[PDB]
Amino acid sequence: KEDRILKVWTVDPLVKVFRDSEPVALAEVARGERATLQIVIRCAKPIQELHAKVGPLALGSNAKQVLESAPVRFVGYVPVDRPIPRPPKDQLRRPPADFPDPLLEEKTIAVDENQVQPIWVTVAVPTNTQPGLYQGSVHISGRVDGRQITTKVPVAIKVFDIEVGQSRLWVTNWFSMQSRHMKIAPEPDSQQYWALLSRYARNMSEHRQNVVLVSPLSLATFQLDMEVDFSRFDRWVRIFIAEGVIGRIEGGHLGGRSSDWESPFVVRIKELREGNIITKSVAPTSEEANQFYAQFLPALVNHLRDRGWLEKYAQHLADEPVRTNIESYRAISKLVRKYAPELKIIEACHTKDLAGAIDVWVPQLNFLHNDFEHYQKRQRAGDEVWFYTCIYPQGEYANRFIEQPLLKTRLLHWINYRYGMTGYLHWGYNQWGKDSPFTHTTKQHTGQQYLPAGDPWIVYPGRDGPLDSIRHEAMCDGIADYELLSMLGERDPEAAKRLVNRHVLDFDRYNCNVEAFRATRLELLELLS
């Protein structure tokens, strides 16, 4: 009987729990935020059919007022085989090691003996929820050595009388419409294809993404006696409006590197050759580039204006310009300024020498830190400044690598608040390769480089749509934190500064103490209520 006893504990959801973690549930939220609870179990014998059910979470003053809970998810583990090459001091464990990341959507799971297993409870709290203290329990059941085991864990959610609606922060995660590794494989233009696209869009909006990257070149068809048909593009845009993302439309890149890292940029064009529309890359100063873009850009602008989408749209030229290919970059910009002067231009950038050439700057975080005075000047001049993270930066900078503390994902949006950057970009929503992302966590990059685990995807392939990671959850939470700090700063700018300054000490230095963070959150909620 002793060996059948289930050990149960609760762990803050900002703390990652390993299979061999040592034993150690209240959530404090605004109306409109998501509450998360992490319940952890272990047993000296194997468990079959582990299951959890959330009971009614009811208000003490009125048992009729209930919160609605999402289906319970189990934390999944992935093997991180190779490390961040320049790791942070606070790296959670040294690879190789198994890390918690995916949120699985299984009704029941098995657990091997003496393996710690986290259970993840999500409660989305609508804005019209009555403030108060909601209480209930989670019922955990399963089978051990034949016999049914069952236990109830008490939980509480305090809903503060402060409404967090849409966050004013702009957030994009670049997305690839693909069904790799899923149990479905829809063909383009099938009903299931459009249904899966809608499911991704809903996932993105439920995590406070409000920008989507959509290519006006690859989602159009061309006839060239030029006529451009944007039907496919428009279907994408409609779906992302309907599911609550758009928001803003980020136009897919016109061009890219001709070869290696310092090579000149080329632009894609469409041409009639031997009766067929063909696509090729040309120099942006070429006559072929001029002929194409003189007709395509006005068609795009006219199309966006007619649909009421022009003021929501910004166009990418070519990714990550550097000093050594700045001239070819500037030649793309010149085409767009010439033939589409009304179009806003956005770019993830390394070089800063682009004044007049772009409207929405998106420097890489360490480049922003290093050139902060330039970026603040661009803001005074009326430009928008965001930032991104990716394979870089590494070291002590915040990022969404699996090896990092979860607060480094969440505090990215505290960096946005402290330094006045009004949006955030990441390239890596779901960039799964041919190998399973559950078993091959370090994707191949340029030459001998690999991408650190966590960089290419924040969601995983489920049976028929995306599965969240814990990092996706932390990102959503930070985007809401930004809105709360912004609401406080409207009323009490000095109090908002003091609170953000407790966790963002510099661009590359933070306080990731979870107890401290929860204390700051509670002060923020108390001040606003």
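Numbering starts at 1 and runs along the sequence shown.
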property	result
Interval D260-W261, deposited residues with no coordinates in the entry (none, 1 to 3, 4 to 9, 10 or more)	none
Gap size, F517 back to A516 (deposited sequence, no coordinates)	none
Residue range whose averaged C-alpha B-factor is higher in the record, 182 to 190 or 313 to 321	182 to 190
Mean temperature factor over C-alpha atoms, higher-scoring stretch between 133 to 141 and 194 to 202	133 to 141
Which of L467, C476, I470, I41 ranks first by CA B-factor in the deposited coordinates	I41
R418, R305, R86, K270, ranked by C-alpha B-factor: the highest one	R86
Within-chain third of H369 by Cα B-factor, per the entry	lowest
Third of the chain's Cα B-factor distribution that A30 belongs to, per the entry	middle
CA B-factor ranking of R147, expressed as a third of its chain	highest
CA B-factor ranking of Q115, expressed as a third of its chain	highest
Assigned third (lowest, middle, highest) for the C-alpha B factor of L485	middle
